[PDB]
2 protein chains.
Amino acid sequence: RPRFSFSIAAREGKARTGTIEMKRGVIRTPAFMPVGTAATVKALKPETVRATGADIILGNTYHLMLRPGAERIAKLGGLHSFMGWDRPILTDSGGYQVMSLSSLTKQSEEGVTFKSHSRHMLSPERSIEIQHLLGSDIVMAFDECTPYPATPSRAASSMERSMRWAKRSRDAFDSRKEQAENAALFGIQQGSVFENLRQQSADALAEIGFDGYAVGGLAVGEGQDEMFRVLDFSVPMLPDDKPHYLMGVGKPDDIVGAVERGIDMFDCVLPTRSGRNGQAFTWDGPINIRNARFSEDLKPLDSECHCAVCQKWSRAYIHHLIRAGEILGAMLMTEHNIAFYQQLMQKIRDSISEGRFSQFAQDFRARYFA
Amino acid sequence: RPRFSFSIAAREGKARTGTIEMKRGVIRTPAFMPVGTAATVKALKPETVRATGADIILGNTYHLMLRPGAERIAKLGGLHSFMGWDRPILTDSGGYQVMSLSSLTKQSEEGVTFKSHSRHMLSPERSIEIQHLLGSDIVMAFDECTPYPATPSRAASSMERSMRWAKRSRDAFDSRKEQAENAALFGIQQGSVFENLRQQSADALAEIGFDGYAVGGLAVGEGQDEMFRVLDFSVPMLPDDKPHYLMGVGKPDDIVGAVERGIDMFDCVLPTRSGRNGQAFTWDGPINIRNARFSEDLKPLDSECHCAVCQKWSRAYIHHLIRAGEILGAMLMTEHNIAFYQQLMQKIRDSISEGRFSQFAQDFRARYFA
Ligand SMILES: N#Cc1ccc(CCNc2nc3cc4nc(N)[nH]c(=O)c4cc3[nH]2)cc1
Ligand SMILES: N#Cc1ccc(CCNc2nc3cc4nc(N)[nH]c(=O)c4cc3[nH]2)cc1
Ligand SMILES: [Zn+2]
Ligand SMILES: [Zn+2]
């Protein structure tokens with residue numbers, strides 16, 4: 001396999017389905033990436049993550065640089081060997097998590113200094129270096145996720161800094177031969193909810209040139225209607241022949257609508273985190289397994305789901321486990337939710353391939369929201 | 001397979017190896033039973049428990065009657081179907097856990113009333129009924145685990161009550177046709193550390209007649225030297241042709257010494273509980289994976305262990321997981337510890353079969369305590 005090759009096999013409107021080939025494996029698109037922040041997808045062995053259908057997982061520069069440390073992971077042979085996942089890994093660059101999680105931050109043109117949630121530093125150069133030490137397959141540019149809401153002036157100033165940082169990220173990545181030859185680099189579009197700024201950002205990223213393009217600065221409290229409005233004009237600004245990655249999204253309906261708008265890749269902690277909290281995804285909408293109505297329900301979590309959890313255990317048993325705070329409850333809920341998300345992605349890919357995605361989207365929504 | 005058949009295939013001194021055949025499966029002896037108190041062996045799928053080599057697991061009358069409830073489990077098809085373990089299950093009778101865990105208790109000749117850790121009741125009749133509702137394969141008599149230390153007079157009075165309760169347990173079990181035809185009933189010897197009381201208890205249980213005999217009232221703070229001293233005279237008092245079950249034991253060295261003294265079956269929360277707390281068993285003694293010395297150690301938990309955890313992940317990774325409070329850390333530590341215990345039991349069985357168990361015991365101790 002090549003370092004990186006994205007091929008589009010079928011289209012319907014703005015939606016695309018195809019594959020990304022990389023040295024460590026093939027990624028089917030549209031793709032959902034389970035999140036493995038601290039070098040583990042919470043409550044799942046990597047073999048289980050793979051069994052659900054995942055082609056690629058996400059790790060985080062911010063969390064891993066703090067614990068166990070990037071240099072340490074490199075000394076131990078890299079993130080893949082460390083956690084036992086041999087397929088592609090995309091790492092976020094730290095630009096979002098530092099501002100989300102750190103107690104104290106100092107921002108400047110150089111980067112961000114911060115206190116661990118110990119004093120630490122991130123910059124385009126250090127972020128790309130950390131992602132190299134981790135051995136990430138898809139490296140994200142170091143950016144600034146503009147808070148929402150933002151005034152046009154603040155959004156512009158923020159976006160402009162991110163574009164300068166995108167160039168620095170590109171140069172740092174290219175300066176490291178082993179990284180440039182074996183990994184891919186994605187740029188991140190900013191500009192808040194403003195069409196002109198989104199266009200300027202897209203133009204700047206395309207001029208620099210990346211292997212893929214993320215839509216950053218969304219899923220930050222704006223709500224679905226607004227997110228979709230921004231995607232409507234923002235995605236067509238990106239190069240058509242490269243993957244489009246919507247960061248931090250989202251609920252099943254968010255994913256369907258984003259694919260309708262040209263998005264190829266997604267990550268979100270929702271299925272894992274909410275699974276541990278008792279929320280199970282089903283084709284008839286989410287349920288909370290803690291609810292007393294499930295205490296004697298012998299049906300599986302979802303009536304059609306093909307996952308190992310739905311083949312073997314009842315709602316009643318999983319209800320008991322989650323109520324009792326049992327680890328197996330977190331394990332079973334998480335495996336089902338991740339499997340559900342992968343089944344959603346498979347149905348999306350298949351329907352686009354067959355030219356019936358618009359109908360799938362309509363049927364999906366009618367049933368999910370009934 | 002029959003309801004119950006215990007066959008001894010080989011002996012060495014007081015040690016025996018053989019099999020218990022039951023309707024739901026064969027149990028190789030000496031046997032270790034992983035503990036699954038709340039209808040789950042904590043942090044393991046039942047398929048994983050089986051993969052480690054376990055032939056039988058333990059459940060608890062006390063915990064299950066409180067949550068999710070015995071009648072509820074019966075309505076849902078029984079404990080086996082509920083948790084997804086189709087092999088034999090032994091259930092403790094509640095006699096020990098009620099006094100260990102309940103906030104308030106009222107003891108009488110009838111049984112024990114107690115407050116949930118809601119007011120509840122246990123008696124020989126209700127305990128046997130609960131174990132029936134659960135669908136237990138090996139049912140334990142309802143007894144009283146005498147506190148340690150005990151005066152001879154208090155130990156005698158306690159033991160005498162337990163023997164009356166053993167007869168009531170026998171009669172309750174026999175009165176229920178489906179239970180009597182499909183399950184087995186074990187009696188529990190009491191008498192504290194006193195040879196004469198242990199003899200009286202053994203005589204009383206043998207007169208009633210049971211499918212197996214447990215040594216109760218130990219692992220209650222007496223320490224290994226004293227436990228071994230009591231086993232020295234207590235085990236030979238039990239019928240030779242039935243299994244001997246030491247309740248709540250124990251560390252690897254406790255198990256080896258107890259087998260040398262004629263014990264065939266064991267249960268203990270140590271490998272699961274201490275696994276979650278970071279203690280890993282190895283042939284060179286226990287280690288605490290939290291220790292900083294393991295942060296960059298690429299070796300598996302144990303150098304010889306054949307488990308899936310030792311095949312794939314390093315000490316360094318598991319150290320990181322346990323330090324971070326990650327669920328996968330609990331999962332991996334638990335699977336390894338249970339697998340280690342099963343490998344210990346296999347080495348014990350094999351060495352007895354080959355007439356080299358005494359040598360195995362010596363070699364085991366020299367290395368484990370080096
Ligand atoms: N449970 C749950 C749950 C918790 C949080 C979220 C929102 C995630 N939103 C989000 N992640 C992002 C990551 C990002 N990373 C970078 N480097 N840049 C972004 O603009 C960016 C934007 C994001 N927006 C969604 C679901
Ligand atoms: N980690 C850990 C850990 C926690 C506790 C223990 C001690 C367990 N000892 C023990 N369990 C028992 C259960 C028992 N059940 C019944 N029905 N009767 C007993 O005499 C009896 C005696 C026991 N002794 C051992 C390890
Ligand atoms: Zn499922
Ligand atoms: Zn192991």
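These values consider heavy atoms only, across backbone and side chains, with no hydrogens, waters or symmetry-generated copies. In what follows, every chain begins at residue 1, and chains take the letters A, B, ... in the order their sequences are listed.
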To the nearest 0.5 angstrom, please state how far the CE atom of A:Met83 sits from the NZ atom of B:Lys312.
9.0 Å
Do B:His319 and A:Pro68 come within less than 4.5 Å of each other through their side chains, counting heavy atoms only?
no
Counting only heavy atoms closer than 4.5 Å, note whether A:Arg323 contacts chain B via side chain, backbone, both or neither.
backbone
For residues B:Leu44 and A:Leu328, determine if any side-chain heavy atom of one lies less than 4.5 Å from a side-chain heavy atom of the other.
no
Distance check, rounded to the nearest 0.5 Å: A:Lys45 atom NZ versus B:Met331 atom CE?
6.5 Å
Using every non-hydrogen atom in the two residues, find where A:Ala38 and B:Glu326 come nearest and quote the distance to one decimal.
CB-OE2, 3.7 Å
Heavy-atom pairs under 4.5 Å with chain B: which of A:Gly329, A:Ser314, A:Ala39, A:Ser81 has the most?
A:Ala39
Write down the atom of B:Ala316, the atom of A:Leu76, and the distance for their closest heavy-atom approach.
CB-CD1, 3.8 Å
Does any non-hydrogen side-chain atom of A:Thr40 lie less than 4.5 Å from one of B:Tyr317?
yes
Counting C-beta onward and ignoring hydrogens, is there a side-chain heavy-atom pair between A:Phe82 and B:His320 closer than 4.5 Å?
yes
Contacting region of A:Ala330 [heavy-atom separation from chain B under 4.5 Å]
side chain
Please examine the side chains of B:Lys42 and A:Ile327, heavy atoms only from C-beta on, and report whether any two atoms are closer than 4.5 Å.
no
